[PDB]
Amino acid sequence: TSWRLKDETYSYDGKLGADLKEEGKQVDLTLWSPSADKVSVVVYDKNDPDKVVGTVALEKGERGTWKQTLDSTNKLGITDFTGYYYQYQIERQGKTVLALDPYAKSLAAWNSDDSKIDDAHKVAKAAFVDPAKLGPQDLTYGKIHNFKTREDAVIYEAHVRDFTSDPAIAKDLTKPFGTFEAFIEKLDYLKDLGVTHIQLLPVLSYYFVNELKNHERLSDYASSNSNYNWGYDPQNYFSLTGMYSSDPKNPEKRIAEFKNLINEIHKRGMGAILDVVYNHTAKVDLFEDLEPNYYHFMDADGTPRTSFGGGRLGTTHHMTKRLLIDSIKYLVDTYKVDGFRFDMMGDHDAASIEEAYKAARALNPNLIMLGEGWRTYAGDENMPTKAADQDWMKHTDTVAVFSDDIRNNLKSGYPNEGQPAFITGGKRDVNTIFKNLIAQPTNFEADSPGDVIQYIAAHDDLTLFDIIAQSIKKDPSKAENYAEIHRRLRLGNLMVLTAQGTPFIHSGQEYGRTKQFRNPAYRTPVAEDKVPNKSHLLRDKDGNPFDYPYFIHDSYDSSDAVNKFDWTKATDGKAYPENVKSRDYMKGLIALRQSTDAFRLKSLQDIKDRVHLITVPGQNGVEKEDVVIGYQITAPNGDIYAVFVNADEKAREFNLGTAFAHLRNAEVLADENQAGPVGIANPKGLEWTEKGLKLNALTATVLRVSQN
């Protein structure tokens, strides 16, 4: 057959999944499986999920489906289906497999290290649950402080486990560490930082994990073979993972807890964004077992195409498209979230993503979306389709994309990671730097500044602190290098937080978070076969290893000692003044941005009217490619801001002359120590010169010239 002919003939638009009705008394089951000869539901005990309690056949229905009603008449010995578990038994040409219901609302505790025992253990078992009845009943969409449209968002990227896995805070947690409800206890920190949106790394069920050990601390340094998972191996798109639950064996508990966490985010004036991973599953069979050669993108001969060890969901195909859309709609409606971040959004066709936006916006008119817009489309063989990537930005003002051009130009990025760049001693085309800061990157067309997600660090790759230390080749274990890296960190964060577009902050990017592999047996280089997986070894200018030379660049499979957010470094001004200085700088930066809409203009036409480059490349001691930059915004209220950056290692002068002499009785809103929306009484790192203005080495400033 062909997915195209199968859509023509078995396209189905009714409800899917298991609806727990009648306060537990009844379950209506629907599963799309056109090719099946028989379908039964195997029901597993809620007290012992290994225990099969009975097996009920389903009967054929409309357009390829199979339907059944579990009720009073069951021989199962069940009067309340709540919390019982199920999988689908599907027989085709005499062979039987057990399948996960793709519309499962929750799941039994899952442990992939037991997957080999039998068929029943190869995929998760779904749970009969009713989301609506669970958690805070007053939960609704966020009402987000300081936020009106996408350009207004400040996005903060956190993993649920990392945010509370620091043993250093065990003393202050009343909830089990690294769970949804533990996350709630550190929310006051994020409200004080001033971010509008917390983007959570994938919370939907993922495959490679033993959830039954989720309370064990991963205190040993490791970067491969860890029970920790970022979660980029999807198993189900409606069910939450049990890894962040106080009890993975209670199928309802993760729902209440998540609903309560989204509610707490909301009450603090912030929104939640959900990292979602629709481009690939963890295993080809997750959907191949459901309906052969349909769900995935495929070669011409119907072979499923593959990504990260699993299958590529072909969102061009009717049931796969609706899987994506129903999941989006269900997550927005059930958990009342404020947005989504699409993983490898370029793997998807534009139309799917567009319709996902429209359906999510129909539920929550203030929802935003961004994704990875890399040009990666693979699709069906011989069926080119317009993709939801960077080149799509010129045909839509809906879902924004990450900017690799600013990331690459400022510190490093693929394919030149670790090479000196704007904030790391490597000079850059000044026009290019400026075009990035006004949210016109040079590697794709952004016809609105809200198309652009501006970032210099994320969960992927070396953290901002780590990348800078690698790039300038200075070992942070020397007080003077530590201080220099921070000076550079602040510079970068200033550049992003004052740029047009939507700024994105990796959790910890505010304090100088590191993923240095500080294992006691790894103070110095070790033999080849013991080198930590996903590491880089860091060296100084003479080529001598760093003290603890190995640092992790892909921590998807690393332990708490690698992945924990460091609370002491982030909050203890006495024990770590540089880190806390950095954190306070970010806080002021976000406050600065939020005090005016000069940094967050709403159109391309308005950006070109109001922002003008001051450091013209070539002129006044400013090389065509350099490590300095200066520019001006005329705000909508007529105030005039200027941003000046000196990422050089010597004092450097910015020429003002008569054209920009009005910048002289400016108030200074940021300097080398601090940032904020209010004038710094005694500004440091600035000197007024005859020609214009002198900035100390590794120093940035923001000015505002009022007439008021």
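Numbering starts at 1 and follows the sequence shown.
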Query raised in the report: Comparing 98 to 106 with 604 to 612, which stretch shows the greater average C-alpha B-factor in the deposited entry?
Result: 604 to 612
**Report entry** Mean temperature factor over C-alpha atoms, higher-scoring stretch between 158 to 166 and 171 to 179
**Finding:** 171 to 179
Query raised in the report: Based on what the PDB entry reports, which of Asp349, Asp475, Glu151, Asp557 has the top C-alpha B-factor?
Result: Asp475
Report summary line: Entry record, C-alpha B-factors for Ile552, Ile353, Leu204, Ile117; the maximum is at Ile117
**Report entry** Modelled-residue ranking by C-alpha temperature factor, third containing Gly425
**Finding:** middle
Query - Record-listed C-alpha B factor of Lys336: chain third - result: lowest
Query raised in the report: Looking at the C-alpha B-factor of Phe238, is it in the lowest, middle or highest third of its chain?
Result: lowest
Report task. Using the B-factors in the PDB entry, rank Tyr576's C-alpha atom against the chain and give the third, lowest, middle or highest. Result -> highest
Query - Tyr330 - which third its CA temperature factor falls in, relative to the rest of the chain - result: lowest
